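Q: query_8.cif is reproduced in full below (mmCIF, C-alpha atoms and all ligand atoms).
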data_query
loop_
_atom_site.label_atom_id
_atom_site.label_comp_id
_atom_site.auth_asym_id
_atom_site.auth_seq_id
_atom_site.Cartn_x
_atom_site.Cartn_y
_atom_site.Cartn_z
CA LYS A 6 82.89 -127.63 -156.34
CA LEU A 7 81.84 -124.06 -155.56
CA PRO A 8 83.05 -120.58 -156.63
CA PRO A 9 86.01 -119.06 -154.75
CA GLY A 10 85.39 -118.70 -151.03
CA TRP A 11 82.15 -120.71 -150.83
CA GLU A 12 81.48 -123.63 -148.49
CA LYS A 13 78.48 -125.63 -147.32
CA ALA A 14 77.15 -125.28 -143.79
CA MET A 15 74.11 -126.38 -141.79
CA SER A 16 71.55 -123.95 -140.38
CA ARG A 17 71.39 -124.30 -136.60
CA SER A 18 67.84 -123.06 -136.44
CA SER A 19 66.39 -124.96 -139.43
CA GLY A 20 68.72 -127.91 -140.16
CA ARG A 21 68.79 -127.06 -143.87
CA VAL A 22 72.07 -126.69 -145.75
CA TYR A 23 73.18 -123.23 -146.76
CA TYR A 24 76.20 -121.68 -148.42
CA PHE A 25 78.65 -119.30 -146.77
CA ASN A 26 81.51 -117.37 -148.36
CA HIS A 27 84.45 -116.85 -146.05
CA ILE A 28 85.94 -114.02 -148.14
CA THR A 29 82.79 -111.94 -148.52
CA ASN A 30 80.85 -113.18 -145.42
CA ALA A 31 77.86 -113.60 -147.71
CA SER A 32 75.45 -116.35 -146.80
CA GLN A 33 72.52 -117.74 -148.74
CA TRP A 34 70.27 -120.76 -149.04
CA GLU A 35 70.80 -121.23 -152.77
CA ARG A 36 73.84 -122.92 -154.29
CA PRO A 37 76.21 -120.16 -155.47
CA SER A 38 76.21 -119.47 -159.19
CA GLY A 39 79.01 -120.26 -161.66
CA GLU A 51 88.68 -112.77 -162.38
CA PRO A 52 88.44 -109.33 -164.00
CA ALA A 53 91.11 -106.66 -164.09
CA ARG A 54 88.73 -104.26 -162.36
CA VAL A 55 85.49 -104.31 -160.44
CA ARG A 56 83.11 -101.52 -159.56
CA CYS A 57 81.64 -101.52 -156.07
CA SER A 58 79.49 -99.51 -153.74
CA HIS A 59 79.67 -99.82 -150.01
CA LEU A 60 78.02 -98.82 -146.76
CA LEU A 61 80.52 -98.21 -143.99
CA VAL A 62 79.70 -98.21 -140.29
CA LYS A 63 82.58 -96.84 -138.27
CA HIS A 64 83.27 -97.53 -134.62
CA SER A 65 85.49 -96.28 -131.84
CA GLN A 66 88.44 -98.36 -133.11
CA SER A 67 88.18 -97.14 -136.71
CA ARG A 68 91.39 -95.73 -138.14
CA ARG A 69 89.61 -92.36 -138.16
CA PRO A 70 86.69 -92.38 -135.65
CA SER A 71 84.92 -89.49 -137.39
CA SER A 72 82.64 -89.08 -140.37
CA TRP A 73 80.34 -86.63 -142.13
CA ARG A 74 77.54 -88.13 -140.00
CA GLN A 75 79.30 -87.77 -136.65
CA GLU A 76 82.30 -85.70 -135.57
CA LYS A 77 83.21 -88.16 -132.79
CA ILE A 78 82.23 -91.74 -133.52
CA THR A 79 81.78 -93.51 -130.19
CA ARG A 80 79.87 -96.71 -130.97
CA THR A 81 81.64 -99.96 -130.25
CA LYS A 82 82.74 -102.38 -132.94
CA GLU A 83 80.06 -104.78 -131.69
CA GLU A 84 77.44 -102.02 -131.95
CA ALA A 85 78.69 -101.24 -135.46
CA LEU A 86 78.29 -104.89 -136.42
CA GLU A 87 74.71 -104.93 -135.13
CA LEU A 88 73.90 -101.87 -137.24
CA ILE A 89 75.48 -103.56 -140.24
CA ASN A 90 73.50 -106.72 -139.56
CA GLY A 91 70.28 -104.71 -139.39
CA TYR A 92 70.97 -102.96 -142.68
CA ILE A 93 71.70 -106.29 -144.35
CA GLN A 94 68.38 -107.62 -143.05
CA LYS A 95 66.43 -104.67 -144.47
CA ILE A 96 68.26 -104.91 -147.81
CA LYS A 97 67.57 -108.64 -148.06
CA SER A 98 63.89 -108.29 -147.09
CA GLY A 99 63.37 -105.54 -149.67
CA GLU A 100 62.25 -103.09 -146.97
CA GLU A 101 65.13 -100.84 -147.97
CA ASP A 102 67.48 -100.41 -150.91
CA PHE A 103 71.24 -100.62 -150.45
CA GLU A 104 71.66 -97.27 -152.19
CA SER A 105 69.13 -95.64 -149.88
CA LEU A 106 70.77 -97.00 -146.72
CA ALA A 107 74.24 -96.06 -147.97
CA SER A 108 73.16 -92.49 -148.71
CA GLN A 109 71.61 -92.12 -145.26
CA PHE A 110 73.91 -94.09 -142.99
CA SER A 111 77.33 -94.79 -144.52
CA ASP A 112 80.14 -93.18 -142.54
CA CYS A 113 82.07 -92.96 -145.80
CA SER A 114 81.84 -89.69 -147.71
CA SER A 115 80.88 -91.84 -150.72
CA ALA A 116 77.42 -91.84 -149.09
CA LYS A 117 76.77 -88.78 -151.26
CA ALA A 118 77.18 -91.00 -154.35
CA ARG A 119 74.89 -93.74 -152.96
CA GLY A 120 78.02 -95.51 -151.75
CA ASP A 121 79.59 -95.86 -155.20
CA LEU A 122 83.39 -96.05 -155.15
CA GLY A 123 83.86 -96.45 -158.89
CA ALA A 124 85.99 -99.08 -160.53
CA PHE A 125 89.25 -100.24 -159.02
CA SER A 126 92.00 -102.82 -159.48
CA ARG A 127 93.76 -105.09 -157.06
CA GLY A 128 96.32 -103.15 -155.05
CA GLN A 129 94.25 -100.00 -154.40
CA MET A 130 91.69 -100.77 -151.70
CA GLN A 131 92.22 -102.05 -148.17
CA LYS A 132 92.92 -105.75 -148.49
CA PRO A 133 89.80 -107.36 -146.94
CA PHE A 134 87.66 -104.95 -148.94
CA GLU A 135 89.50 -105.80 -152.15
CA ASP A 136 89.29 -109.53 -151.52
CA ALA A 137 85.57 -109.37 -150.88
CA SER A 138 84.96 -107.11 -153.87
CA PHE A 139 86.74 -109.43 -156.29
CA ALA A 140 85.06 -112.54 -154.84
CA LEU A 141 81.59 -111.06 -155.40
CA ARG A 142 79.85 -111.77 -158.67
CA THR A 143 78.35 -108.79 -160.48
CA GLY A 144 75.19 -107.83 -158.61
CA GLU A 145 76.12 -109.70 -155.41
CA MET A 146 76.34 -108.22 -151.93
CA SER A 147 78.78 -109.08 -149.19
CA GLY A 148 78.12 -109.75 -145.57
CA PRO A 149 79.92 -107.68 -142.96
CA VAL A 150 83.50 -107.04 -144.14
CA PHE A 151 85.98 -105.73 -141.59
CA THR A 152 88.77 -103.26 -142.37
CA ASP A 153 90.63 -100.66 -140.37
CA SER A 154 87.95 -98.16 -141.47
CA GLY A 155 85.10 -100.02 -139.86
CA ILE A 156 82.61 -102.60 -141.08
CA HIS A 157 81.41 -102.61 -144.69
CA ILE A 158 78.52 -103.88 -146.71
CA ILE A 159 79.87 -104.19 -150.26
CA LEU A 160 77.74 -104.31 -153.43
CA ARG A 161 79.51 -105.24 -156.65
CA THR A 162 77.90 -103.30 -159.49
CA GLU A 163 80.29 -104.10 -162.38
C1 LIG B 1 85.84 -91.46 -150.98
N1 LIG B 1 84.97 -91.32 -152.13
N2 LIG B 1 85.09 -92.16 -153.19
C2 LIG B 1 84.17 -91.80 -154.08
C3 LIG B 1 83.98 -92.47 -155.40
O1 LIG B 1 82.63 -92.46 -155.82
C4 LIG B 1 83.43 -90.68 -153.59
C5 LIG B 1 82.38 -89.89 -154.08
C6 LIG B 1 81.92 -88.87 -153.29
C7 LIG B 1 82.48 -88.60 -152.04
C8 LIG B 1 83.51 -89.36 -151.53
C9 LIG B 1 83.98 -90.40 -152.33
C1 LIG B 2 84.86 -87.71 -155.57
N1 LIG B 2 85.86 -88.72 -155.33
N2 LIG B 2 86.03 -89.75 -156.22
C2 LIG B 2 87.03 -90.50 -155.75
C3 LIG B 2 87.53 -91.74 -156.42
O1 LIG B 2 87.07 -91.84 -157.77
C4 LIG B 2 87.50 -89.97 -154.51
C5 LIG B 2 88.49 -90.34 -153.58
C6 LIG B 2 88.66 -89.55 -152.48
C7 LIG B 2 87.88 -88.41 -152.27
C8 LIG B 2 86.90 -88.02 -153.15
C9 LIG B 2 86.72 -88.83 -154.28
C1 LIG B 3 92.01 -96.57 -149.89
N1 LIG B 3 90.68 -97.08 -149.59
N2 LIG B 3 90.51 -98.36 -149.15
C2 LIG B 3 89.21 -98.54 -148.95
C3 LIG B 3 88.63 -99.83 -148.48
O1 LIG B 3 87.92 -99.68 -147.27
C4 LIG B 3 88.50 -97.35 -149.28
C5 LIG B 3 87.15 -96.96 -149.30
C6 LIG B 3 86.85 -95.68 -149.70
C7 LIG B 3 87.85 -94.78 -150.09
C8 LIG B 3 89.18 -95.13 -150.10
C9 LIG B 3 89.49 -96.43 -149.69
#
Show me, as structure tokens, the structure contained in the file I just sent.

A:
Amino acid sequence: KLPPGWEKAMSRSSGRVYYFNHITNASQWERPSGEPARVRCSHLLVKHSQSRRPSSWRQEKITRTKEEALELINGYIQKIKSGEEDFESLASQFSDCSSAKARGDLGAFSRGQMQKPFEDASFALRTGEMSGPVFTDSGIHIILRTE
């Protein structure tokens, strides 16, 4: 039926069908469109107190809760989807990953290099697509597949 990871669901608030991807946590109204040795991704990381390393270039001691991290991630996704902000702009300003200085770009990678949920989401994204919140031991990620 649908590309890897996609399923149909019903909006609680509207009653209209939508599509959700359980690998990437992406969700959208439109039916999803249409694997490579490597992908290229950018990400925005929000760390929390249970991150493997609760520290970043933004904050020496990261104290926010995982739930608070998820709310930040949700808010960034909303601004990216509305066009109010660009992913690259938000990553540069707010990613707790040092890749913030490269607008979140991580370069190209294969399977067997990244943390597993990150890898799975990255390879399930089509070129140009963005994930929903993806959880790893680093924190919570928004992932943008660029190649
Ligand atoms: C961890 N990481 N990975 C990349 C790849 O762009 C990068 C670039 C600048 C700073 C930190 C970085
Ligand atoms: C600048 N740069 N680039 C990469 C991966 O390409 C990387 C990984 C760890 C730290 C810095 C890094
Ligand atoms: C080893 N590894 N795994 C991930 C996935 O979060 C990651 C992100 C940035 C730099 C290195 C990284």

Q: Write out as a VMD selection string which residues come within 12 Å of segment 110-122 of chain A when counting all atoms listed in the file, dropping same-chain ones fewer than 6 positions away.

A: chain A and resid 55 to 64 67 69 to 78 85 88 to 89 91 to 92 102 to 104 129 to 130 134 to 135 138 154 to 163

Q: Ranking A:21, A:87, A:68, A:151 by minimum distance to residue 35 of chain A and counting all atoms listed in the file, which one comes first?

A: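 With all atoms listed in the file as the atom set, the closest residue is A:21.
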
Q: As a list in words, please: the residues near residue 15 of chain A (cut-off 12 Å, all atoms listed in the file, same-chain neighbours under 2 positions excluded).

A: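 Skipping anything fewer than 2 positions along the chain leaves residues 12, 13, 17, 18, 19, 20, 21, 22, 23, 24, 25, 32, 33 and 34 of chain A.
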
Q: Give me, please, the distance in Å between atom CA of residue 143 of chain A and atom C5 of ligand LIG 2 (chain B), quoted to one decimal.

A: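 It comes out at 22.2 Å.
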
Q: Point out the residue among A:128, A:99, A:149, A:123 with the least atom-to-atom distance to ligand LIG 2 (chain B), counting all atoms listed in the file.

A: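 When distances to ligand LIG 2 (chain B) are compared using all atoms listed in the file, the smallest one comes from A:123.
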
Q: Measuring between only C-alpha atoms, which one of A:66, A:95, A:52, A:80 shows the shortest distance to residue 152 of chain A?

A: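 Answer, going by the shortest atom-to-atom distance: A:66.
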
Q: Between A:142, A:51, A:124, A:150, which has the minimum distance to ligand LIG 1 (chain B) (counting only C-alpha atoms and all ligand atoms)?

A: A:124

Q: In Å to one decimal, how far is atom CA of residue 148 of chain A from atom CA of residue 83 of chain A?

A: 14.9 Å

Q: What does the distance between atom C9 of ligand LIG 3 (chain B) and atom CA of residue 96 of chain A come to in Å, to one decimal place?

A: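 Atom CA of residue 96 of chain A lies 22.9 Å from atom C9 of ligand LIG 3 (chain B).
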
Q: Quick one: residues within 8 Å of residue 27 of chain A, only C-alpha atoms counted, chain neighbours fewer than 4 positions away excluded, as JSON, numbers by chain?

A: {"A": [10, 11, 12, 31]}

Q: Quick one: of A:131, A:90, A:26, A:147, who's nearest to ligand LIG 3 (chain B), counting all atoms listed in the file?

A: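 The closest residue to ligand LIG 3 (chain B) is A:131.
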
Q: Could you check which of A:97, A:127, A:6, A:82 is closest to residue 54 of chain A, using only C-alpha atoms?

A: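 Closest to residue 54 of chain A of all the choices is A:127.
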